[PDB]
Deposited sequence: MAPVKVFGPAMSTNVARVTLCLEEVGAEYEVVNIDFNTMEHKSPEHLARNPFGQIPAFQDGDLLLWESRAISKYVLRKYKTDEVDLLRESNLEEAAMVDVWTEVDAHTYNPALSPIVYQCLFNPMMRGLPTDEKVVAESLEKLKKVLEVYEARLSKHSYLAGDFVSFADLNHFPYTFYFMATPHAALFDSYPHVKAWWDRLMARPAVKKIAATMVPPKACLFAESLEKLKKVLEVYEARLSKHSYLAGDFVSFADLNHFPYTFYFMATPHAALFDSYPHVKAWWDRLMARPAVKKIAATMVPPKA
């Protein structure tokens, strides 16, 4: 029975969730709604269950449809899950925040030094591991996709070229069937 996502497709918070759904091979429809006790978007129906908060929706999607093949949270492995969480929280508290000003400015219209300084660190991390959480893809890696997608529409895309391990890491992420499927979806309704 298909699970349902409500919100705009191109929305960073929706794409986080459509991505997780694609990654685990779930069946799902996306409904765009107009104008759940804060009245929040995205929302997500799994039959009787209603969820809001795209982190909780995603971690739910990744738990419901976990296989040995597709295990992107890694809760079975203590140190692994810790690193998934650490870099999830770095995406949320440091990375995403550096990109937003530049996406807002530089698509609908300072923070570039913070990101250079953040990229030095991601570059170090990614020189010692395939992926952020260690030598395996995880939610941490997937979390970076929405905000970074839009960053590469801007004329500051080329900055990743001073951070080769970050370029290669990103390219690798762009290469994934799921990631591509969603990237297509991130458009206004015409």
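Residues of the deposited sequence missing from the coordinate set occupy positions 1, 37-49, 124-137, 219-305.
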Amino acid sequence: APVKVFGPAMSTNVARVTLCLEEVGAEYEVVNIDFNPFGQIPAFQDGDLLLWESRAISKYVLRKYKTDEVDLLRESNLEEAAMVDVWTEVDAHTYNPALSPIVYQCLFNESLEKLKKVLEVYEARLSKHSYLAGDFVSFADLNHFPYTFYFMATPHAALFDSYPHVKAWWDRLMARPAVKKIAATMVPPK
From here on, numbers count along this sequence of modelled residues.
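In this entry, the higher average B-factor at the C-alpha atoms falls on 38-46, of the pair 147-155 and 38-46. Look at the C-alpha B-factors of 129-137 and of 160-168. On average they run higher in 129-137. Among all modelled residues in its chain, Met186 ranks in the middle third by Cα B-factor. Among the modelled residues of its chain, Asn32 has a C-alpha B-factor that falls in the highest third according to the deposited record.
Ranked within its chain, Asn77 lands in the middle third, by CA B factor from the PDB record.
Placement of the Cα temperature factor of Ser54 within the chain: middle third of the modelled residues, per the deposited record. When the CA B factors of the chain's modelled residues are split into thirds, the value for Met10 lands in the highest one.
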